[PDB]
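J.: The structure is given below, and queries will be raised subsequently.
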Amino acid sequence: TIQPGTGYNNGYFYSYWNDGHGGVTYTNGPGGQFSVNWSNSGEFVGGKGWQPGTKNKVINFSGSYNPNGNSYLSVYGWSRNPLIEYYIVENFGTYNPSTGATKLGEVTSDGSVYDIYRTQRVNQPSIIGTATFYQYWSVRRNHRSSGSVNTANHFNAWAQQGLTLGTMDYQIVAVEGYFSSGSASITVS
């Protein structure tokens, strides 16, 4: 299992972060593979992809995702100027991250309708330090742990709705958890 941080493994950018609570391990495997095992964790995010991402990447992912509690499996990334944290959520555990969020439309992509939302994080950690910034969400209605994500369909639908992205920073397939347990093994390409 590896130290929290970022870097490159077998051609892929990776990012692994946690809040120091304990109870989560992250491992890099061959190619685009990574695994996460967690048991009564704190908050964490780990996954593989690209730095920088693009606005027309077709991301493929496959494997297993078995959360027990609060967790997401998403295409996850950021833009700068404007600072935006975004998710294309393919599956989740006990909590739908759009709960209580304002719905900004729908988009159909890669075999499912997704509901679109915007939320705001206030004075929270970001790629540029503590900040207030928007989050954009596409939440897949039909949950899965393998498939293909045509990111352009999401980014274009967001743009149509007034949810504009700046310059892309990293873009990964991420397993996120908040004080939960689980296991996941995902291969990205």
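In the structure tokens, the first chain shown is A, the next is B, and so on; residue numbers restart at 1 for each chain, and ligands run from 1 in the order shown.
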So that I can see what lies close to residue 43 in chain A, please list as a PyMOL selection string the residues with an atom at most 10 Å from it, counting only C-alpha atoms and leaving out residues fewer than 3 positions away in the same chain.
T.: chain A and resi 17-24+40+70-71+176-180
J.: Save the residues we just selected, N, CA and C atoms, as a JSON list (two decimals), in the first residue's frame?
T.:
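Heads up, here's the output in again21.json:
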[["chain", "number", "residue", "atom", "x", "y", "z"],
["A", 17, "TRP", "N", -5.37, 10.49, -1.34],
["A", 17, "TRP", "CA", -5.39, 11.40, -0.20],
["A", 17, "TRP", "C", -6.27, 10.82, 0.88],
["A", 18, "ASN", "N", -5.90, 11.05, 2.14],
["A", 18, "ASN", "CA", -6.82, 10.79, 3.23],
["A", 18, "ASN", "C", -6.65, 11.82, 4.33],
["A", 19, "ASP", "N", -7.53, 11.76, 5.33],
["A", 19, "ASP", "CA", -7.54, 12.76, 6.39],
["A", 19, "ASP", "C", -6.72, 12.33, 7.61],
["A", 20, "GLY", "N", -6.03, 11.20, 7.50],
["A", 20, "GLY", "CA", -5.19, 10.70, 8.57],
["A", 20, "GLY", "C", -5.88, 9.91, 9.67],
["A", 21, "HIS", "N", -7.16, 9.60, 9.50],
["A", 21, "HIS", "CA", -7.91, 8.88, 10.53],
["A", 21, "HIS", "C", -7.44, 7.44, 10.66],
["A", 22, "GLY", "N", -7.03, 6.85, 9.54],
["A", 22, "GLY", "CA", -6.67, 5.45, 9.48],
["A", 22, "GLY", "C", -7.80, 4.61, 8.90],
["A", 23, "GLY", "N", -7.52, 3.35, 8.61],
["A", 23, "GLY", "CA", -8.56, 2.44, 8.17],
["A", 23, "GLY", "C", -8.78, 2.40, 6.67],
["A", 24, "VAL", "N", -7.80, 2.87, 5.91],
["A", 24, "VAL", "CA", -7.87, 2.77, 4.45],
["A", 24, "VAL", "C", -6.48, 2.56, 3.84],
["A", 40, "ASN", "N", -13.82, 1.05, 8.50],
["A", 40, "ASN", "CA", -14.04, 2.15, 9.43],
["A", 40, "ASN", "C", -13.01, 3.27, 9.23],
["A", 70, "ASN", "N", -20.85, 5.16, 3.34],
["A", 70, "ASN", "CA", -20.73, 6.34, 2.47],
["A", 70, "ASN", "C", -19.48, 6.29, 1.57],
["A", 71, "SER", "N", -19.70, 6.18, 0.25],
["A", 71, "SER", "CA", -18.61, 6.08, -0.71],
["A", 71, "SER", "C", -19.13, 6.42, -2.10],
["A", 176, "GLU", "N", -14.04, 7.31, -3.57],
["A", 176, "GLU", "CA", -14.06, 8.23, -2.44],
["A", 176, "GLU", "C", -14.81, 7.57, -1.30],
["A", 177, "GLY", "N", -14.37, 7.80, -0.07],
["A", 177, "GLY", "CA", -15.11, 7.32, 1.08],
["A", 177, "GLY", "C", -15.17, 8.37, 2.17],
["A", 178, "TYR", "N", -16.26, 8.35, 2.94],
["A", 178, "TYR", "CA", -16.37, 9.17, 4.13],
["A", 178, "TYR", "C", -16.82, 8.31, 5.29],
["A", 179, "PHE", "N", -15.88, 7.94, 6.15],
["A", 179, "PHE", "CA", -16.14, 7.15, 7.35],
["A", 179, "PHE", "C", -17.00, 5.92, 7.07],
["A", 180, "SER", "N", -16.44, 5.00, 6.29],
["A", 180, "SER", "CA", -17.16, 3.82, 5.86],
["A", 180, "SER", "C", -16.20, 2.66, 5.76]]
J.: Quick one: which range 54-97 of chain A residues come within 6 Å of range 123-142 of chain A, and what is the nearest atom pair for each with the distance in Å to one decimal, counting only C-alpha atoms, rows ordered by chain and ascending number, as a tab-separated table?
T.:
residue	atom	partner	partner_atom	distance
A:84	CA	A:134	CA	5.4
A:85	CA	A:135	CA	4.8
A:86	CA	A:136	CA	4.7
A:87	CA	A:137	CA	5.0
A:88	CA	A:138	CA	4.7
A:89	CA	A:139	CA	4.8
A:90	CA	A:140	CA	5.3
J.: Just checking: using only C-alpha atoms, which residue out of A:112, A:150, A:1, A:15 ends up closest to residue 60 in chain A?
T.: A:150
J.: Counting only C-alpha atoms, what is within 10 Å of residue 145 in chain A, bar same-chain residues fewer than 5 positions away, as a compact mmCIF listing (two decimals) with C-alpha atoms, in the first residue's frame?
T.:
# COMPACT_ATOMS: atom_id res chain seq x y z
CA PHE A 61 -13.25 1.64 -16.32
CA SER A 62 -13.84 -1.92 -15.17
CA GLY A 63 -13.73 -3.98 -12.01
CA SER A 64 -15.44 -4.34 -8.66
CA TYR A 65 -16.80 -1.79 -6.19
CA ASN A 66 -18.17 -2.92 -2.83
CA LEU A 73 -17.20 5.73 -7.59
CA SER A 74 -16.84 8.51 -10.17
CA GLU A 90 -21.28 5.91 -11.68
CA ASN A 91 -22.08 4.30 -8.34
CA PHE A 92 -22.25 5.08 -4.62
CA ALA A 184 -12.73 -1.83 -4.73
CA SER A 185 -10.53 -2.90 -7.63
CA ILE A 186 -10.72 -0.74 -10.73
J.: Taking 2 positions as the minimum chain separation for residues in the same chain, which residues sit within 12 Å of residue 34 in chain A when counting only C-alpha atoms? Answer as a compact mmCIF listing (two decimals) with C-alpha atoms, in the first residue's frame.
T.:
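That gives us selection_24.txt:
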# COMPACT_ATOMS: atom_id res chain seq x y z
CA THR A 1 0.00 0.00 0.00
CA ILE A 2 1.30 3.46 -0.82
CA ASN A 9 2.34 4.60 -12.09
CA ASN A 10 2.49 2.47 -15.21
CA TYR A 12 -1.23 6.77 -15.36
CA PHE A 13 -1.47 9.77 -13.08
CA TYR A 14 -2.68 8.81 -9.64
CA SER A 15 -3.85 10.69 -6.58
CA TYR A 16 -4.36 9.21 -3.12
CA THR A 25 -5.17 1.44 2.14
CA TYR A 26 -4.58 2.29 -1.52
CA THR A 27 -2.50 0.21 -3.94
CA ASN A 28 -1.31 0.83 -7.49
CA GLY A 29 -1.36 -2.16 -9.82
CA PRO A 30 -0.29 -2.85 -13.41
CA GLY A 31 -1.50 -0.55 -16.19
CA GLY A 32 -4.48 1.50 -15.09
CA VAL A 36 -8.76 0.37 -2.26
CA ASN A 37 -9.50 -1.53 0.93
CA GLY A 46 -7.92 7.58 -4.49
CA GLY A 47 -7.67 6.76 -8.17
CA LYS A 48 -5.92 6.76 -11.54
CA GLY A 49 -6.20 8.82 -14.69
CA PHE A 61 -13.25 1.64 -16.32
CA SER A 62 -13.84 -1.92 -15.17
CA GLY A 63 -13.73 -3.98 -12.01
CA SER A 64 -15.44 -4.34 -8.66
CA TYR A 65 -16.80 -1.79 -6.19
CA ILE A 172 -9.28 10.36 -12.58
CA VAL A 173 -11.54 7.45 -11.89
CA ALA A 174 -11.81 7.74 -8.12
CA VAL A 175 -13.07 5.77 -5.17
CA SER A 183 -13.20 -2.78 -1.10
CA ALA A 184 -12.73 -1.83 -4.73
CA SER A 185 -10.53 -2.90 -7.63
CA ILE A 186 -10.72 -0.74 -10.73
CA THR A 187 -8.83 -0.65 -14.02
CA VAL A 188 -8.75 2.63 -15.97
CA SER A 189 -7.89 3.36 -19.61
J.: Pick out the closest residue to residue 166 in chain A from this set: A:67, A:5, A:82, A:97. Count only C-alpha atoms.
T.: A:82
J.: Of the candidates A:121, A:98, A:151, A:107, which shows the shortest atom-to-atom distance to residue 171 in chain A, using only C-alpha atoms?
T.: A:151
J.: Restricting the calculation to only C-alpha atoms, which member of A:122, A:116, A:152, A:75 is positioned closest to residue 99 in chain A?
T.: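 Checking each of A:122, A:116, A:152, A:75 against residue 99 in chain A, counting only C-alpha atoms, the winner is A:116.
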J.: If you count only C-alpha atoms, which residues fall within 7 Å of residue 170 in chain A, apart from same-chain ones fewer than 4 positions away, as a VMD selection string?
T.: chain A and resid 50 to 53 77 to 78
J.: Using DSSP on the backbone coordinates, identify all residues within range 2-122 of chain A classified as strand (DSSP E or B); present the result as a ChimeraX atom specification.
T.: /A:5-9,12-18,24-28,33-38,43-50,58-68,71-80,84-92,102-109,112-122
J.: In Å, with one decimal, what is the gap from CA of residue 115 in chain A to CA of residue 164 in chain A?
T.: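 Going from CA of residue 115 in chain A over to CA of residue 164 in chain A covers 16.6 Å.
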